[PDB]
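To convert, take the position in the sequence shown, counting from 1, and add 8; that gives PDB author numbering.
Each residue gets a CB set at the ideal place from its N, CA and C atoms; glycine is no exception.
Everything below concerns the one structure shown next.
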Amino acid sequence: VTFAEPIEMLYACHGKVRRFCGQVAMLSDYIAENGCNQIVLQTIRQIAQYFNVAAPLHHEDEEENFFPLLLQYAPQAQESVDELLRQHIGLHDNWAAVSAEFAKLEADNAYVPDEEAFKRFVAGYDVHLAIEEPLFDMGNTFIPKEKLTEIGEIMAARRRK
Ligand SMILES: [Cl-]
Ligand SMILES: [Mn+2]
Ligand SMILES: [Mn+2]
């Protein structure tokens, strides 16, 4: 998939979010069973790269380009978009909490991490994606193809800096 199909790109990012959330959901039990071993440290490094760097770019794609274009063609999505934007703030705060547990693990491999931070993070994304993905489908249905090609070019540029 390419930025030429921007909605397929948004879904591809969601596949990454789901994979990493699945790992966060496993973390507490894996650590209890095995310790905070090098597999844990590697895994948490990769999760943190995604949520510190890539996820905010995905949120920007939605806020700056996709949601506004969706609303030109599907204004009935307004309340849902507004709630998803409120939720992005919650997603950032949940991620900050997980990030702080990751730093504690890195500093002290005997640390027992706060499982509630992990569960809250996973659940926040579950709730968010269930609301959001329907709007991706609305966008496929209602947004002209050439308008999607146009936001695709902007999204591609965001990754360069
Ligand atoms: Cl998202
Ligand atoms: Mn999304
Ligand atoms: Mn979102």
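Per-residue DSSP class, three states only, for residue 29 = helix
Residue from 67, 91, 79, 14 whose Cα sits closest to the Cα of residue 139 | 91
By Cβ distance, which residues of its chain are closer than 7 angstroms to residue 102, with the 5 residues on each side in sequence left out?
-> 128, 129, 132
So, is residue 9 buried or exposed, given that buried needs 16 or more other C-beta atoms within 10 angstroms?
-> exposed
Can you say whether residue 116 is buried or exposed, counting buried as having 16 or more other CB atoms within 10 angstroms of its CB?
-> exposed
DSSP on residue 9, reduced to helix/strand/coil?
-> coil
Would you be able to state if there are at least three C-beta pairs under 8 angstroms between the stretch 61-76 and the stretch 10-18?
-> yes
Between the Cα of residue 25 and those of 65, 155, 37, 143, spot the shortest distance and give me the residue it belongs to.
-> 65
In terms of residue numbering, what span does the alpha helix (DSSP H) encompassing residue 75 cover?
-> 75-81
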